[PDB]
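Below: one structure, written as structure tokens.
Basis: the model, the stated rules and, where named, an outside source; no laboratory read-out is quoted. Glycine gets a Cβ as well: all are built from the backbone with ideal geometry, and neighbour counts include every protein chain shown.
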Amino acid sequence: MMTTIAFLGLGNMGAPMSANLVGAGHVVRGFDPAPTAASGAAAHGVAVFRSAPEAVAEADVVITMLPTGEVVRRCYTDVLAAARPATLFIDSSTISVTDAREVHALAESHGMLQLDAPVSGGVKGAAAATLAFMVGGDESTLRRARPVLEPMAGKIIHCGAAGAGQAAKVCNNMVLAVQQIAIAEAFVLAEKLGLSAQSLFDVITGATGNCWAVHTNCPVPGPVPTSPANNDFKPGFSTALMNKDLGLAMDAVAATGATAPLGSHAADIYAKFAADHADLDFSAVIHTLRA
Amino acid sequence: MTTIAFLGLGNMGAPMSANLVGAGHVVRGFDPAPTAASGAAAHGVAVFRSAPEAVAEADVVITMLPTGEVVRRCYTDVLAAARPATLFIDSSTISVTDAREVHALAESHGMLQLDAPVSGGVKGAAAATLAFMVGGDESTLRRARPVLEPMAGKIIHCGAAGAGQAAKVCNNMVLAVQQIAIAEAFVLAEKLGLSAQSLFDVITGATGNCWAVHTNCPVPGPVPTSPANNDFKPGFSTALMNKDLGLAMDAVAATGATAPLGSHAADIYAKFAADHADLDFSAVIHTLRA
Ligand SMILES: C[C@@H](CCC(=O)O)C(=O)O
Ligand SMILES: C[C@@H](CCC(=O)O)C(=O)O
């Protein structure tokens, strides 16, 4: 299983992910253009390089954890020629399904194996190695990748061909967004009807409406003391991050001509909420329903 | 032996009253439809020509009626015929406003009263697995418990009068939103080239999981028992979901609440019910391009 891994993107996700790879005994060759990110990763054993091409030159596997499809595209353009032939590229960035398929084809045109493997779990999942990887690409390529993913992962799920990882994540998170708004509406309506928060909680969680947005992320303080509502709506899952994912869902809706009325409505709601509350947990959208 | 007047012997009322007979109660009935009455009499209910007659000898009076207006008119018709401290249980699904009005009216005559609307449908009614969501006094629920038990899989005290109705309407508004949201996810997935089984496996193991997908999956295959595999036979009909959402919209209006997605869901299902009232509510997956 021991492998030389180039890790491009050493931010809030990339840094802890890379540390777990070092802990598992891999040689990790890192690059990030932010020197503070690079320094922090070096402190936990990443060999940091001056450029992304240098980092990938001697690597069996190249992982990208980057903010957008544009940055992934630009990164692949900078490094693919530098990589040894038939190197495994894993993009664990969260990007559009369109961009994922573009960068996948580019990697394959350079003779590289490529997977999309975006993750859920956030920074906390990243530190604890409990992230869920949602993978698109060839099954044999995933087989080759498993030893590298396992030390970062709680779950690895194969979603289909290239882009299917991005697709699965973005579909789930659109539903989540809609559910978190709907649970918030339910709690505020209950409050105006004189139905207690604890009572509504007990019913919804015992009934057909139950979902993570209530049972774990309860947007009123009290029924779930661990939920962000009890900690000033500190993330958790920030509004900024949810808004990014909803943007990607709206990109997917636009590329496909799909009709997603509530998903699109939830996107508009989170886009407005992100303008001034980007730093709050996405459950804090409940504030928009009170007045 | 507690004697129970059951007013409303329709699709729900008939099987509920059969379970009460089966539990050893004396059941007195009224319904304006001769077929409903006859069918109930056939399983042991002593049917009377008028609601006031049914109520005369009753320790408990149960209503299962279509609207608040009918519930209200039934109460003013029968309250004077009832014995003092009779226990009235309305298991109709009506507005929280109407529920609290009829509760107040009944207690004004020295009656004890609960709202106890139900989830489970006709299937649940027959099988005695209904979920009663109850508003009223804890001590009144305790007295009612022996009567509710033979009809029920769950009995949940929701709070003071009207809280049963509120709890049910709030859950069903969330459910409608979830059922549409899951449908959108499956349609988007298909157009992205992500298989239904793959999306199913991901969502059910992730934060988006809910009954609308894990049990009511609106595409055939991943859950062989879901209505999608059986021509969208209810299940839970669009007609009934539409009725609940209408009540949610009455509650949103009465309170001045902000419920944008619930309201959007209500609009979608009202429109869908014009064409497909008889299909399971999960069938909404095929009306999104309208
Ligand atoms: C074994 C596991 C990866 C290892 C971990 O739990 O960190 C998996 O996702 O299959
Ligand atoms: C609903 C009740 C069970 C009564 C019964 O159905 O026999 C309970 O479990 O609380």
Original post:
Out of the stretch A:99-138, which residues are β-branched (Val, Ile, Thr), away from chain B (no Cβ under 12 Å) and within 12 Å of ligand 1 (Cβ to nearest atom)?
Top reply: A:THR130
Subject >> helices (runs of 4 or more DSSP H) (entirely within the stretch B:196-290) containing at least 1 residues that are hydroxyl-bearing (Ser, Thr, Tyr) and surrounded by fewer than 23 Cβ atoms within 10 Å (Cβ to Cβ) >> reply: B:196-204, B:238-255, B:260-276
Subject >> Of the criteria (1) within 8 Å of ligand 1 (Cβ to nearest atom); (2) not in a helix (DSSP H, G or I), which one A:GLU150 fails >> reply: (2)
Original post:
Here are some conditions: (1) within 16 Å of ligand 1 (Cβ to nearest atom); (2) in contact (Cβ under 8 Å) with a residue 60 or more places away in the chain. A:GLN166 meets all but one. Which one does it not meet?
Top reply: (1)
**OP:** Report the residue count in the stretch B:170-195 for those that are facing chain A (nearest Cβ under 8 Å) and either under 25 Å from B:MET133 (Cα atoms) or not in a helix (DSSP H, G or I) (or both).
**Re:** 12
Original post:
Which number in (1) under 16 Å from A:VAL119 (Cβ atoms); (2) at the interface with another protein chain (Cβ under 9 Å from one of its Cβ atoms) marks the one condition that A:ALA213 misses?
Top reply: (1)
Original post:
Quick check, is B:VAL61 under 18 Å from B:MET151 (Cα atoms) and surrounded by 24 or more Cβ atoms within 10 Å (Cβ to Cβ)?
Top reply: yes
**OP:** Check A:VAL203 against each of (1) in contact with a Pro (Cβ under 9 Å, 6 or more places away or on another chain); (2) facing chain B (nearest Cβ under 7 Å); (3) over 20 Å from A:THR288 (Cα atoms) and name the one condition it does not meet.
**Re:** (1)
**OP:** Give the number of residues within the stretch B:185-236 that are touching a residue at least 40 places away in the same chain (Cβ under 8 Å) and aromatic (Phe, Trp, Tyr).
**Re:** 3
**OP:** Inspect all residues belonging to the stretch A:78-101 and state whether any of them is among the hydroxyl-bearing types (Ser, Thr, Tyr), surrounded by fewer than 24 Cβ atoms within 10 Å (Cβ to Cβ) and out of contact with any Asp or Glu (no Cβ under 9 Å at 6 or more places or on another chain).
**Re:** no
Original post:
Going through the stretch B:186-195 one residue at a time, which ones are surrounded by 24 or more Cβ atoms within 10 Å (Cβ to Cβ) and either touching a strand residue (DSSP E or B) at 6+ places or on another chain (Cβ under 8 Å) or not assigned by CATH to the domain that holds B:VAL223 (or both)?
Top reply: B:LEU194
Original post:
Residue check: is A:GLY9 more than 20 Å from A:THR94 (Cβ to Cβ) and within 23 Å of the chain's Cα centre (by Cα)?
Top reply: no
Original post:
If you scan the stretch B:22-40, which residues turn out to be farther than 24 Å from B:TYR75 by Cβ, free of Cβ contacts under 8 Å to residues at least 40 places away in the same chain and under 24 Å from the mean Cα position of the chain (by Cα)?
Top reply: B:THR35, B:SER38, B:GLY39
Original post:
Which of the residues spanning the stretch A:100-118 are farther than 13 Å from A:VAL72 by Cβ and acidic (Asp, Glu)?
Top reply: A:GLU108
Subject >> Candidates A:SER92, A:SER96, A:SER120 - the one that is over 20 Å from B:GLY208 (Cα atoms) and out of contact with any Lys or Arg (no Cβ under 6 Å at 6 or more places or on another chain) >> reply: A:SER92
Original post:
Restricting attention to the stretch B:142-154, which residues are more than 11 Å from ligand 2 (Cβ to nearest atom) and under 30 Å from B:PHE236 (Cβ atoms)?
Top reply: B:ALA144
Original post:
If you take the residues in the stretch A:155-168 that are facing chain B (nearest Cβ under 8 Å) and closer than 25 Å to A:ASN243 by Cα, which one is farthest from ligand 2 (Cβ to nearest atom)?
Top reply: A:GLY163
Original post:
Does A:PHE133 satisfy the condition of being crowded, with 20+ Cβ neighbours inside 10 Å, aromatic (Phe, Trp, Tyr) and touching a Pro at 6+ places or on another chain (Cβ under 8 Å)?
Top reply: yes
**OP:** Scan the stretch A:154-169 for residues that are farther than 21 Å from A:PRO67 by Cβ, outside any loop (DSSP other than H, G, I, E, B) and hydrophobic (A, V, I, L, M, F, W, C) and jot them down.
**Re:** A:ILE156, A:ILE157, A:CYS159, A:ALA164
Original post:
Mind checking which residues of the stretch A:233-264 are at positive phi and more than 14 Å from every other protein chain (Cβ to nearest Cβ)?
Top reply: A:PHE233
